[PDB]
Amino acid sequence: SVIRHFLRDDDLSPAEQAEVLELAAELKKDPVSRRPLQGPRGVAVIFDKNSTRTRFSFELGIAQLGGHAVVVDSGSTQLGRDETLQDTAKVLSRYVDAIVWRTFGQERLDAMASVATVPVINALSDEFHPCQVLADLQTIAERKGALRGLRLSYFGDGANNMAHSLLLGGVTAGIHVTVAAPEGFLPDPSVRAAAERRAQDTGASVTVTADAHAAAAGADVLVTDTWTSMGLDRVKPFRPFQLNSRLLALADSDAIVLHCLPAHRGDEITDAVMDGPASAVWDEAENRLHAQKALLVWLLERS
């Protein structure tokens, strides 16, 4: 068997993504029914930059698969510093059955996956956040049923990891994806091109616009994210793209709202939207647990 990895959303085909999302629903119903890591077998969970919420979901999910997560956070040097990435992959492959890694550049994830003899999962990177989008898709399916043909609009910084993963993971699910963002913060054209190509296979589509009202019109799902990872109002370009009540009122009447969290209330999203009946952000956060477990189960049995 070829060792399978999950570094970006389109690493799964449409049929494979459906398998993972079905497993995510099964594991939400029966969270300790799959024990591929019984022993326990180990899974490495490595953070080049800390993300506490990413750690809750993986550390508990791995335990519920019977395994033991070995968590390495930023306070432990950095992978690649005092020995080669390739040497690190070879040793980790002797201790664990999968490697979950939060890092920056995609080329590091690619290099890890090409040498490691166990599955590598992108927990969060500069370019993609594919585990979050699996959780988003599970949440949408819970609220609306079939994903094919839904219209999803993302608002704010369209150049970030969530914009890229909503494009790739969304069109893989057959969802018509719109990114609404100011012209200096648009999807990477290579990512957009890959999303357009995948969308041809699923009947989906890709739209990029700087007109937030047009992007909201008739949408089934509205998504946003913090505008920056960290005087001058540097986020001024994004404020017209705030997910507020006026924007939500332009979408379909049964539309839902997603936000990967943490939220900066009053910036990219308002209290009224976050706390209103369209919000699915709390189920979405919970589904990180289930969708990541499903991904691990699926990768381990193909690898």
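In this text, rigid core is short for the largest set of C-alphas that superpose within 1.5 Å between two forms. Residues carry their position along the shown sequence, with the first being 1.
The higher RMS C-alpha distance to the shown form in 8 other deposited structures of this protein, out of 79 to 87 and 160 to 168, belongs to 79 to 87, with every structure fitted on the core. Core-fitted comparison in 8 other deposited structures of this protein shows that, between 49 to 57 and 65 to 73, the CA atoms farther from the shown form belong to 49 to 57.
In this entry, residue 230 and residue 231 are separated by 4 to 9 residues of the deposited sequence that lack coordinates. Stretches 61 to 69 and 240 to 248 differ in mean CA B factor, with 240 to 248 having the higher one. Set 219 to 227 against 190 to 198 and average the Cα temperature factors; 190 to 198 ends up higher. Remark: of 140, 163, 113, 131, 113 shows the highest value [criterion: C-alpha B-factor in the PDB entry].
Which of 41, 259, 34, 234 has the largest Cα B-factor in the deposited entry comes down to 234. Residue 274 sits in the middle third of its chain by CA B factor, as recorded in the PDB entry.
Ranked by C-alpha B-factor against the other modelled residues of its chain, residue 299 falls in the middle third. Ranked within its chain, residue 17 lands in the middle third, by CA B factor from the PDB record. In this PDB entry, the Cα temperature factor of residue 104 sits in the top third of its chain's modelled residues, the highest group. Per the PDB record, residue ranking by Cα B-factor puts residue 28 in the lowest third of the chain.
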